[PDB]
Amino acid sequence: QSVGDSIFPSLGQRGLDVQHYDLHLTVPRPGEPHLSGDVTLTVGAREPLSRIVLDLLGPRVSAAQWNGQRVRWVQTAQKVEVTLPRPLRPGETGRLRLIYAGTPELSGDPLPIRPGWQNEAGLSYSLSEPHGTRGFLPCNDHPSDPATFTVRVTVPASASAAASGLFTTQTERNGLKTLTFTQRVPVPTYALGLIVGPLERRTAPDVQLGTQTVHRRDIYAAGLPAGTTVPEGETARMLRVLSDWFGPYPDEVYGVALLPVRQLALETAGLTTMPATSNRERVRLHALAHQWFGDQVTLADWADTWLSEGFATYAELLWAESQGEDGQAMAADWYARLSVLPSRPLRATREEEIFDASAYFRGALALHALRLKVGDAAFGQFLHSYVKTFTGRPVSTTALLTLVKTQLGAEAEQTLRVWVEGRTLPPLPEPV
Ligand SMILES: NC(=[NH2+])NCCC[C@H](N)C(=O)O
Ligand code: NA
Ligand SMILES: [Zn+2]
């Protein structure tokens with residue numbers, strides 16, 4: 001069956017655990033949606049599976065293999081079903097290879113954006129939150145199932161490409177270039193960054209977070225507006241302040257891909273996809289904070305988006321305080337702007353809620369209430385334990401409350417409960 005998401009009940013396959021995607025993507029003309037793909041999924045399972053059912057929306061599979069053998073497959077309107085010769089059982093892993101080509105389709109909900117493979121002004125790129133990656137990649141398209149990625153992108157020699165993960169090698173043959181990237185920490189499918197077109201890679205000095213080293217590089221697309229810049233040394237300072245709050249930076253590199261398109265930013269892994277119209281300090285910090293909350297700590301259900309958006313938004317207040325600003329004052333402007341609009345319990349119930357004003361600011365103010373309740377020292381240690389508790393394990397609002405009660409006490413749990421439940425907006429959290 002499907003994963004059973006409360007918001008998108010048809011996505012994914014229950015019990016499937018994709019561990020790695022080995023993707024060879026070819027884009028013949030950047031800016032045009034057509035492409036071809038060759039992917040090998042290394043998959044495990046949490047329950048016996050007699051079939052592998054992946055989300056795919058657009059392209060047409062031409063061949064399928066399981067452990068190097070011919071395999072039975074069929075492609076429905078939104079899925080590819082692969083009948084295995086014997087069931088995949090917990091503890092086992094197999095290699096599913098799918099050959100496909102065609103045109104990715106954007107998923108609907110007119111959601112702030114139609115997610116999927118984007119094409120505009122000589123650029124083709126992924127902006128796939130929540131469920132757009134299935135457009136160009138046969139995948140278990142649900143954040144409950146993060147995975148590692150190895151991406152081989154083949155584009156004309158006149159163009160270039162950039163995907164999440166460390167840049168390894170580039171080869172050229174018959175007017176085509178192939179670039180290889182290795183995303184070596186598991187992230188959700190929508191966090192797979194992929195951009196092809198006129199792109200320039202720009203390295204920066206390595207950042208050192210204690211004993212961890214974080215490589216630095218940004219992507220600069222052509223035709224950026226005036227003032228589309230990343231200030232020198234800013235990313236290093238953000239990494240320092242954030243990792244001191246949340247724990248080690250989960251990836252090996254970080255930067256932004258500045259695109260001359262008009263869209264909202266997306267926290268694609270280790271390489272934030274950043275349209276110029278969203279390039280702001282708070283957004284650059286927000287997207288970086290998501291590398292912990294969203295990419296490393298992933299959602300068990302799309303209803304709990306406030307665990308990603310509320311946490312990343314509160315990191316903007318943490319960064320503001322680090323830079324000498326009044327955090328309580330910032331929380332007051334959040335409350336004032338929420339006062340005017342409707343509120344809801346933090347568990348979303350329908351599609352239009354998962355990215356509304358309460359996912360961001362009521363979720364952030366929920367953490368403010370907890371922080372003022374327990375103290376900055378206890379709050380900081382909690383965020384560290386929260387990241388570690390939910391690394392390699394999808395997070396839920398219910399599981400968060402349990403961890404708060406376990407670590408911070410039942411009283412703190414009750415304080416968070418006030419903000420997690422109830423339709424009306426509680427009073428502005430203030431220091432007692
Ligand atoms: N406007 C939106 N709700 N966009 C979807 C979220 C995009 C991205 N995850 C962010 O941090 O903003
Ligand atoms: Na996985
Ligand atoms: Zn966000």
Close pairs from the range 186-206: first within 20 Å of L56 (Cβ to Cβ), partner within 16 Å of ligand 2 (Cβ to nearest atom) and among the hydroxyl-bearing types (S, T, Y), Cβ under 6 Å, at least 6 apart: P188/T298; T189/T133; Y190/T133; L192/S164; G193/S164
Conditions (1) surrounded by fewer than 16 Cβ atoms within 10 Å (Cβ to Cβ); (2) under 27 Å from the mean Cα position of the chain (by Cα); (3) more than 27 Å from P28 (Cβ to Cβ); number of the one not met by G94: (1)
Residue list for the range 166-190, filter: more than 16 Å from ligand 2 (Cβ to nearest atom) and surrounded by 20 or more Cβ atoms within 10 Å (Cβ to Cβ): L179, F181
Failed condition for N140, given (1) within 30 Å of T229 (Cβ to Cβ); (2) under 16 Å from the mean Cα position of the chain (by Cα): (1)
Residue match in the range 299-315 (condition: within 16 Å of ligand 2 (Cβ to nearest atom), under 20 Å from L346 (Cα atoms) and of a type in the set (S, T, N, Q)): no
Strands (runs of 3 or more DSSP E) contained entirely in the range 30-82, each with at least 2 residues that are under 19 Å from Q1 (Cβ atoms) and among the charged types (D, E, K, R): 49-55
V196 being within 22 Å of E120 (Cβ to Cβ), touching a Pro at 6+ places or on another chain (Cβ under 8 Å) and assigned to a strand (DSSP E or B): yes
Some residue of the range 147-165 being within 19 Å of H34 (Cβ to Cβ), within 16 Å of the chain's Cα centre (by Cα) and either buried (at least 16 other Cβ atoms within 10 Å of the Cβ) or of a type in the set (D, E, K, R) (or both): yes
Residues of the range 217-259 that turn out to be in a loop (DSSP other than H, G, I, E, B), buried (at least 17 other Cβ atoms within 10 Å of the Cβ) and acidic (D, E), as a count: 1
Some residue of the range 362-382 being assigned by CATH to the domain that holds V283, in contact with an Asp or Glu (Cβ under 7 Å, 6 or more places away or on another chain) and within 16 Å of ligand 3 (Cβ to nearest atom): yes
Residue within the range 327-342 that is of a type in the set (V, I, T) and within 16 Å of ligand 2 (Cβ to nearest atom) present: no
Qualifying residue in the range 1-16 (condition: over 23 Å from the mean Cα position of the chain (by Cα) and assigned by CATH to the domain that holds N140): yes
The range 102-119 - residue that is in contact with a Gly (Cβ under 7 Å, 6 or more places away or on another chain) and in a strand (DSSP E or B) and, of those, farthest from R350 (Cα to Cα): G102
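All Cβ positions, even for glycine, are placed from backbone atoms using ideal geometry, and neighbour counts span all protein chains on display. Numbers and lists here come from the model and the stated rules, or from a named source; these are not laboratory values.
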